[PDB]
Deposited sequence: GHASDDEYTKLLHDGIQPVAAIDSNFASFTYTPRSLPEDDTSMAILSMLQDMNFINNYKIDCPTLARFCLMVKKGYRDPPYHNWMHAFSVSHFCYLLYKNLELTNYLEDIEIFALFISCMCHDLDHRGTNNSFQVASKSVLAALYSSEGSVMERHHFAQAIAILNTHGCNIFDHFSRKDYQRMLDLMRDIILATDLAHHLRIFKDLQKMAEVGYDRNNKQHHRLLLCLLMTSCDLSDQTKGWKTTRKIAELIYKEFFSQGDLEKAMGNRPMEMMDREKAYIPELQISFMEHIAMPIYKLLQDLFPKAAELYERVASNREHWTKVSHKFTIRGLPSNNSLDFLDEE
């Protein structure tokens, strides 16, 4: 188990981009993060079992453009950053933070690059079921020495956290999140623990928006590749895809800016309200959104297309 500092001197910073790490080093980085959070010693996790678990989780991701292992790794890395930078131990129990990290690793398992509509929370229930199947694969149960009580806690936490990655769920609990942010977190309120875990999970899921322009632009490319692939499949089946899935109707600037203003930014705003040290995350999302507005004009073709042809009219 490599010490975290040996991966990169900036590895525990909010400025670090985990997609910079080559894919063949990510499983070792997962182990290094768990070691640095002390969960291996805390929960007496068998290291061979943990290695097998991590590789099985990695193998349980398919290779669509966005919802692949590197997404899961990047989300898990952000969870680690929240631990290292926001001092989550003042707000959550060790088992809750451990569940959050493991949920991050597992939360999109077996994603096919299609959404719930293409198939409540259909995909998120599947991701959880896949995580369960891995745990019950011989040699991969990292929790098999847990007490009956802690085992059920861990399974309940993982289910609730993975289910919180559905936008529909987030929108249902949004008023409860705002209320908590307003009144202030209460470490003795079990609802506040549950709500905070949901918020943190969504903050990890969307963490590509908190990096530089390069990341938000490149991830947008992967996202729209996935969306439009789904729309193509829907059209081939004879069905009418939503505008954001239809490459002949989708207008990326509008879709991207709306997503950032109305979904991403309010999550990082809430996170800022609960953790002053999360302020730089909200500012980076707002900055990236401003950048999207600035480059919106580039979707209007100036000159001729690269084709050198007006056949498209």
According to the entry, C-alpha coordinates are missing for deposited residues 1-15, 135-148, 343-345
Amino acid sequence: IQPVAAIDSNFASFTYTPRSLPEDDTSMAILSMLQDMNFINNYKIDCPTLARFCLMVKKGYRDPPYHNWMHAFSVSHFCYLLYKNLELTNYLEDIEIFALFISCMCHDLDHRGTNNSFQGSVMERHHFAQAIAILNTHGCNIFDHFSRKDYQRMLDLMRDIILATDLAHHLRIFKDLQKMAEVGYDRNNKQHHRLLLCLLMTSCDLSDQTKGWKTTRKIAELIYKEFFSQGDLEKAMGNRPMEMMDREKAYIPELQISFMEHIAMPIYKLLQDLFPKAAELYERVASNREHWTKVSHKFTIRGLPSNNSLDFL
From here on, numbers count along this sequence of modelled residues.
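Take the two forms, find the largest set of C-alpha atoms that superpose within 1.5 Å, and that set is the rigid core.
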C-alpha RMS from this form in 9 other deposited structures of this protein, rigid core superposed: larger for 108-116 or 131-139?
108-116
Stretch departing more from the displayed form, 62-70 or 249-257, Cα RMS in 9 other deposited structures of this protein (core fit):
249-257
Going by the B-factors listed in the PDB entry, is the mean over the C-alpha atoms higher for 150-158 or for 98-106?
150-158
Between 58-66 and 281-289, point out the one with the higher average CA B-factor as the PDB entry records it.
281-289
Name the one of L195, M242, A131, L92 with the greatest CA B-factor according to the PDB entry.
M242
Chain thirds by Cα B factor, record data; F227 belongs to the lowest
How does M260 rank on Cα B-factor within its chain, lowest, middle or highest third?
middle
By the entry's values, the third containing the CA B factor of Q209 is the lowest
Would you mind checking where the Cα B-factor of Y80 ranks among the modelled residues of its chain, as the lowest, middle or highest third?
lowest
Modelled-residue ranking by C-alpha temperature factor, third containing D166
lowest
